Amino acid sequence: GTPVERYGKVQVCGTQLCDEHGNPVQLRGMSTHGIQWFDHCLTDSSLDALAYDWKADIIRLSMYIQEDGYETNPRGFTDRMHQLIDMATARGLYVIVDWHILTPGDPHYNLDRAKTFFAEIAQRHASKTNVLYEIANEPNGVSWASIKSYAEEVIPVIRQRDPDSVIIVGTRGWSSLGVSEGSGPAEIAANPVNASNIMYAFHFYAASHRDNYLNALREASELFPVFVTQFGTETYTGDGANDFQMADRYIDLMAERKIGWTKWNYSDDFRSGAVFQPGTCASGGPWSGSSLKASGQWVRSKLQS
């Protein structure tokens, strides 16, 4: 069966994401790049490849708000997101709907838009069991208390329409569980979001983020559910040399704790983190072999087990 057929209606149980019968499950997959730039990478052909060939469990649909994203055409972006959610569902994939804030880094900057967007998405897709909602990608320059209060404003909008869906909440310092801004996950544990069926996001780039970030991820997974919605094997820019030795340490920890992940990213951007070589999406593939960057061959190999 497909991932969705095998695990069904996933929910948080204790400090882990579980399938519909209480067994902890690790969902591993890929994140798209921003759809305002790399929409041409997301076709019947590339998505079929991700599902049937790469054996991904999950796809994260990254919708930037600024940077020529959602704010420029709310109707058009929303319609394309409905289409992509349906396409992922038709290939048996779990889907993360990613409200991809970055700059400005205060999520409240985009709150009014977020409520509109998520109200539409949650009403339309309420009957689906395979959609997770990520309400704020990479909060930065803000306190944990302000992220918590943002989450408590948006969560009821979703839950009013779709009460059983899992929501992922971004964390301080570009979702580094506070590490980049001189803090850590203990801050979250002491003042958690007042809702359940919640997970907290962690992002890392293995060439830049070493033992202190790895230790923070281990600490956080003792206290609350974590999903790695964005990670790379290169530096924090999404480019540069890969450190696969460090990446493998993260992969092993995540497998051991059943922490799900989506790798940045499923596009043919020039940066080393984008899994395809430039020109691949314009050529219509192939989505394996000589079209893969080093990071691409590495992740595809992890996903195929």
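So that there is no doubt, residue numbering starts at 1 and follows the sequence shown.
- Mean CA temperature factor is higher for 232 to 240 when stretches 232 to 240 and 271 to 279 are set side by side in the entry.
- Stretches 207 to 215 and 100 to 108 differ in mean CA B factor, with 207 to 215 having the higher one.
- Per the PDB record, 221 has a higher Cα B-factor than any other of 176, 140, 146, 221.
- Out of 187, 134, 120, 79, it is 187 whose C-alpha atom has the highest B-factor in the PDB entry.
- Residue-level temperature factors show residue 246 in the highest third of its chain, judged at the C-alpha atom.
- Annotation for residue 74: C-alpha temperature factor in the middle third relative to the rest of the modelled chain, per the entry.
- Sort the modelled residues of the chain by CA B factor and residue 253 lands in the middle third.
- Among the modelled residues of the chain, residue 35 sits in the middle third by CA temperature factor in this PDB entry.
- Among the modelled residues of the chain, residue 87 sits in the middle third by CA temperature factor in this PDB entry.
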